[PDB]
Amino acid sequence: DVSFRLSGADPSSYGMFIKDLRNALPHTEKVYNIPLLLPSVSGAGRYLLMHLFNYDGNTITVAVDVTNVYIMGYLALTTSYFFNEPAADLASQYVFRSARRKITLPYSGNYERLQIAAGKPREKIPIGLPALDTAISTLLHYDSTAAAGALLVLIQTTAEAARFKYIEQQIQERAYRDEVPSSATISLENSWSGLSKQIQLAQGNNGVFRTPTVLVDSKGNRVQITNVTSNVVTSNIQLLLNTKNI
């Protein structure tokens, strides 16, 4: 398992947590020196448990699919909660079976569906370490509308930060004051599958993307990523979604 404590958290302890989370995800191969996540894992091993503690020391445990870093569900005291999607229902066959009761959330886990439930796009939701403390607190007691916004925070400050060092750094700059994510952050989130795929296609194609990926850069301008020499690939992306799952 991996763990993170908000009580006393700072850029350094958060960086250690994100390091721990990346490290918990199995791979047999690196592509362009990036860990390539597995095509599949069978059974309960496919799920990582993340124990998160709010400032008061209250906790939830979040179940993450190790093949794609997707949040499937979470446990808060004796109640488990899972997204309304088949991969989550499958996960509920393996994790938090000890819970007194299980709630299926009234949305799936994808951004569009969560934003609808939440009533705002994530462009308008501040993220940061304080926002994460709030999200854990919220998820402690069932409220599906508030839970959708908390889950948008939780997904970006955990999974998206594991995927991209730029996102991890953005959260680090937000250790003590929340801020809506940069449009570059939004762009990388939305491009993860495409980038992972193109980085994979680049082997067998001289480091060259078969199809270019358009990102917004951390200076606000729109740009094209065409090969493995881009800073996005050499320094930023930390994990590859395997093309079998794409």
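In this text, residue numbers run from 1 along the sequence as written.
Look at the C-alpha B-factors of 154-162 and of 103-111. On average they run higher in 103-111. Judged by mean Cα B factor in the deposited record, 218-226 ranks above the other of 218-226 and 233-241. Per the PDB record, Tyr94 has a higher Cα B-factor than any other of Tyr94, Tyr176, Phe83, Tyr74. Per the deposited coordinates, the residue with the largest Cα temperature factor out of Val180, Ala63, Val41, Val69 is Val41. Residue-level temperature factors show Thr78 in the middle third of its chain, judged at the C-alpha atom. Ranked against the other modelled residues of its chain, the C-alpha B-factor of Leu52 as given in the entry falls in the lowest third. Ranked within its chain, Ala202 lands in the highest third, by CA B factor from the PDB record. Annotation for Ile246: CA B-factor lies in the highest third of the chain's modelled residues. The deposited CA B-factor of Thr145 belongs to the lowest third of values across its chain.
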